[PDB]
Each structure stands twice: as C-alpha cells, then as structure tokens.
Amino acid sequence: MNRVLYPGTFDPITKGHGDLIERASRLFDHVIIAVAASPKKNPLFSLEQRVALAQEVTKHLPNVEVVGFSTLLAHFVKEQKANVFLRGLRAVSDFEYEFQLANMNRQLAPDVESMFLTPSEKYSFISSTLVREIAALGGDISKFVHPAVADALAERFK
C-alpha cells in the first residue's frame, strides 16, 4: 500500500495539477490532495473554496481524496500516514525550493519519500499565478483550467 500526499496551495487548481493527479491515481492506492491554508500568500480563494474546487475536479477518481490543512506539512503527512510526498516539476520548476523543501522535510519526516512527476508537455506551462492574473483582466482561461474553476474565477472578479 502506497499512500501519497500531494501538498499545495492550489489557488486555484489547474489542468496542470489535474494531469498529475490523474497519473498519480493510476500509480498509487491512495492519493491525498492536501490543500494548505498558506495564509501568507493571501490566496484569492478561501481554503474551503480551494478544497471544494479540487474535489470537483477530482470527483471521478475513486482513490483520490481532498483535504485542507493549515499545520506543518511534516506533521500533517505523518498524521495522514502517507509514505510519499508528491510534487510536480515543469518549468524549472523552481527547482531550488523543491530540493530545499525535500531535504528539510526529510529531516522532519525521515520515513516519508519525496517523489516527483512531470505533467504532460501540453500542461507544463500552466501557472496558477498567471491563470489568476489573466482572469482578473477578463481573459479566457478555459484552456488552462477545469470548467468549474474557470467559472469560480469569472465570478470572483464579478
């Protein structure tokens, strides 16, 4: 049994994240999407909305479950009893910070493995930040996100 925790802010969840979750749900027995509160990013969407949006996008995947959390990731992953961290790697990705994240979480949670997947090339350039900014200026983002997300964004700036 592998249980994998996919942590992120998901503000909002994109077609990029969803590609990864598709792939991960076919690989693992249990996939948990851990949506972090991330109060210091001043997220456009509330935690509840983000969790809700992530659930909507993933409701067709039976072994995928979505949860919000605002505690320390190293604590939370033990608390979820996941044995694997999942992260995506696309652009760079940032690649500094991913390694800095992995080695520091490995000191705090030594029995949890850090693992990476890369999205389909066709979604490797979708940024949550820029999806938000395109929406805030009235641009079509239907090609970057799930329909429910596109709608939540439209109604967010109206």
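Heads up: residue numbers just count along the shown sequence, starting at 1.
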| query | finding |
| --- | --- |
| Greater mean Cα temperature factor according to the PDB record, 7-15 or 145-153 | 145-153 |
| Comparing 61-69 with 91-99, the one whose average Cα B-factor in the PDB entry is higher | 91-99 |
| Given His30, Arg132, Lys122, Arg50, the residue at which the Cα B factor reaches its maximum | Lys122 |
| Selection by C-alpha B-factor (highest) of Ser127, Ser38, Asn105, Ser46 | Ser127 |
